[PDB]
Amino acid sequence: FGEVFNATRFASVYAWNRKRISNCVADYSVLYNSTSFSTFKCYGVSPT
Amino acid sequence: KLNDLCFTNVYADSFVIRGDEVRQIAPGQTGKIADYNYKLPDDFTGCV
Ligand SMILES: *[C@@H]1O[C@H](CO)[C@@H](O)[C@H](O)[C@H]1NC(C)=O
Ligand SMILES: *[C@@H]1O[C@H](CO)[C@@H](O)[C@H](O)[C@H]1NC(C)=O
């Protein structure tokens with residue numbers, strides 16, 4: 001979560017970036033204090 | 001239809017949050033407000 005949501009430089013939208021993720025536990029409660037999101041929407045699954 | 005109805009068991013809940021967190025005051029939401037602070041029922045009748 002730290003080099004995805006806390007990267008120093010992001011890409012331009014025309015040359016957008018894609019990154020593989022594997023072999024890791026998805027415990028996002030670590031972003032509760034880290035990162036306030038104005039938008040967060042999920043498709044095909046319930047957030048709960 | 002609010003002008004033509006009569007209401008049973010009316011309660012008002014009040015609090016203050018950050019602007020980013022307002023989207024979490026809704027049924028079936030995740031995030032720290034909706035997990036540790038204030039939770040709405042899945043079957044909710046009323047207004048936010
Ligand atoms: C949350 O982040 C703030 C700012 O970095 C920090 O002061 C606070 O101690 C953190 N809270 C915890 C214990 O996660
Ligand atoms: C993001 O990186 C900065 C760089 O020092 C750090 O201060 C901040 O705490 C980081 N936020 C995280 C890891 O949530």
# chains A, B, ... in the order shown; residues from 1 in each chain; ligands from 1

$ interface_residues --of "chain A" --to "chain B" --cutoff "9 Å" --atoms "only C-alpha atoms" --output "JSON, numbers by chain"
{"A": [29, 32, 33, 36, 37, 38, 39, 40, 46, 47, 48]}

$ write_last_selection --atoms "C-alpha atoms" --output "compact mmCIF listing (two decimals), in the first residue's frame"
# COMPACT_ATOMS: atom_id res chain seq x y z
CA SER A 29 -7.24 -0.94 7.69
CA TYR A 32 -7.45 4.43 7.92
CA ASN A 33 -4.95 6.89 9.50
CA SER A 36 -8.37 10.09 3.27
CA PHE A 37 -10.19 9.31 0.02
CA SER A 38 -12.75 11.59 -1.57
CA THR A 39 -13.81 8.81 -3.96
CA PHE A 40 -13.97 5.06 -3.37
CA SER A 46 -19.81 -5.27 -1.93
CA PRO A 47 -17.29 -3.29 0.17
CA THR A 48 -18.36 -5.22 3.28

$ residues_near_ligand --ligand "ligand 2" --cutoff "7 Å" --atoms "only C-alpha atoms and all ligand atoms" --output "VMD selection string"
chain A and resid 2 6 31 34 to 35

$ atom_distance --atom1 "CA of residue 21 (chain A)" --atom2 "atom 11 (N, counted along the ligand's line) of ligand 1"
26.8 Å

$ closest_residue --among "A:15, A:25, A:30, A:45" --to "ligand 1" --atoms "only C-alpha atoms and all ligand atoms"
A:30

$ atom_distance --atom1 "CA of residue 7 (chain B)" --atom2 "CA of residue 25 (chain B)"
21.9 Å

$ residues_around --residues "residue 26 (chain A)" --least-positions-apart "2" --cutoff "9 Å" --atoms "only C-alpha atoms" --output "PyMOL selection string"
chain A and resi 1+24+28

$ write_last_selection --atoms "N, CA and C atoms" --output "PDB file, in the first residue's frame"
ATOM      1  N   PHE A   1       0.807  -1.213   0.000  1.00  0.00           N
ATOM      2  CA  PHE A   1       0.000   0.000   0.000  1.00  0.00           C
ATOM      3  C   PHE A   1       0.842   1.266   0.000  1.00  0.00           C
ATOM      4  N   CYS A  24       0.440 -11.434  -1.187  1.00  0.00           N
ATOM      5  CA  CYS A  24       0.417 -10.447  -0.120  1.00  0.00           C
ATOM      6  C   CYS A  24      -0.971 -10.386   0.494  1.00  0.00           C
ATOM      7  N   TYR A  28      -6.297  -3.521   4.488  1.00  0.00           N
ATOM      8  CA  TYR A  28      -6.301  -2.101   4.154  1.00  0.00           C
ATOM      9  C   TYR A  28      -6.575  -1.174   5.329  1.00  0.00           C
TER      10      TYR A  28
END

$ atom_distance --atom1 "CA of residue 17 (chain B)" --atom2 "CA of residue 43 (chain A)"
26.3 Å
